[PDB]
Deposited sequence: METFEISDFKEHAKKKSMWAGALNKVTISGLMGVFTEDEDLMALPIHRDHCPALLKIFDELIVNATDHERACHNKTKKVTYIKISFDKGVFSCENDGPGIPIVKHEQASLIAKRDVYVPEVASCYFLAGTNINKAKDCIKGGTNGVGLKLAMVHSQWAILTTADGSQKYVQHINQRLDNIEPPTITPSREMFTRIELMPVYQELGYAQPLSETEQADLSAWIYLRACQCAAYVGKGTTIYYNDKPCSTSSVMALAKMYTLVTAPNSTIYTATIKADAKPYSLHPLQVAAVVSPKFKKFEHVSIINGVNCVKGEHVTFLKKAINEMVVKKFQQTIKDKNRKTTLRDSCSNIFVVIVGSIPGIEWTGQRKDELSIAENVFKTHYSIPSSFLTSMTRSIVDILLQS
């Protein structure tokens, strides 16, 4: 058989991950207990592709980020993401219109054409997460119904995109003074293994997962942008706040080691990396949370660079594993990375980029090493 994009994306895990519920190691959400935000594990199977619907929209918003807000909503199964800043241009796309037999505007190409977007010829120093021109189409292909709304300050464009991209309805274009981009959709929950409608536990888990993703965004975006989840601001705007949120239950009142890792030469020098770490004997193994180019990256040589520097100092000080008692948060942009798949689970880079260009403050390493060695000595 020869498949098309749409049918292939509905059947193949390569685009967004598994298309039913599986065990997702390290799956976390944020939950509220009287004034406090705590990240907690979600020890139930979930559908990776469903979580990717949400992630693709969220990263598109952080990529655009002037942008003063990103508003994420999740209620009655309906997910939406809206950001301000310039809208998607409301102009006819001449290629797509010529090939098709009708008018096709840019927002339809952006949302309905695979391998299409503004990052196809991305520069190596561009720090947007988006690269493939795929992610928004994956959101549409996994939607029972979806609505794209965008406005450019002179016109507003509304288009319904239904039935997993089978039913693209003609857009409605009106004069408007607004300026934003909004995607609203209902995922195909039943096809992805969920109840219709979501069960109480499915709803609670998904809401917690989205809220945590929003909190991660709050630490990544520029200081002019506010992140909202269900109309309430997400105020975990620093790596320190993230580190607290991830360690509040296990190690309350924790000391937070902080550093800004900076590079000497452009383009690396344009992109300092923010780090916060917590050291506790209660931690069973090394864990990191990395938000790189807006993407929650689970594997990359940036982590290894930090671990080796810590290990270097711990071995020396102990003489006078070294990382199993560490939880670390790393947030920032890295130019020149390559992702290993559309999911962007792992970034790829030469380890020597960090060795040549980046400096980890010695005061941060020294402070961490002292606490690490004390734990080792007390054992």
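Numbering the deposited sequence from 1, one finds several regions with no C-alpha coordinates, namely 1 to 4, 70 to 77, 333 to 344.
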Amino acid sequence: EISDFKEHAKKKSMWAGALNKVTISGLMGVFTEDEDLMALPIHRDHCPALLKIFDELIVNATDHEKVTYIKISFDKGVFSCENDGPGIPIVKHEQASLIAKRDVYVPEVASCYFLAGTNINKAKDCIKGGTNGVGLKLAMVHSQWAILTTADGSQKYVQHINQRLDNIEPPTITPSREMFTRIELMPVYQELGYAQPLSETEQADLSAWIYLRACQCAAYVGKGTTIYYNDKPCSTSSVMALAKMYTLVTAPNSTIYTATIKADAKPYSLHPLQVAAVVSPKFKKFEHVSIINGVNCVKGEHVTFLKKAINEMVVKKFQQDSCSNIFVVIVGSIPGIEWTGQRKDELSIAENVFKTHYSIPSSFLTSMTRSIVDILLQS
From here on, numbers count along this sequence of modelled residues.
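Relative to its counterpart among 135 to 143 and 102 to 110, 102 to 110 has the higher mean temperature factor, C-alpha atoms as listed in the PDB entry. As recorded in the PDB entry, 88 to 96 is the stretch of 205 to 213 and 88 to 96 with the greater mean C-alpha temperature factor.
Remark: of 193, 171, 130, 294, 171 shows the highest value [criterion: C-alpha B-factor in the PDB entry].
By the numbers in the PDB entry, the CA B factor is greatest at 33 among 33, 45, 55, 346. Annotation for residue 369: C-alpha temperature factor in the highest third relative to the rest of the modelled chain, per the entry. Compared with the other modelled residues of the chain, the Cα B-factor recorded for residue 259 ranks in the middle third. Annotation for residue 299: CA B-factor lies in the lowest third of the chain's modelled residues.
Split the chain's modelled residues into thirds by C-alpha temperature factor. Residue 167 is in the highest one. The PDB entry assigns residue 352 a C-alpha temperature factor belonging to the middle third of its chain's modelled residues.
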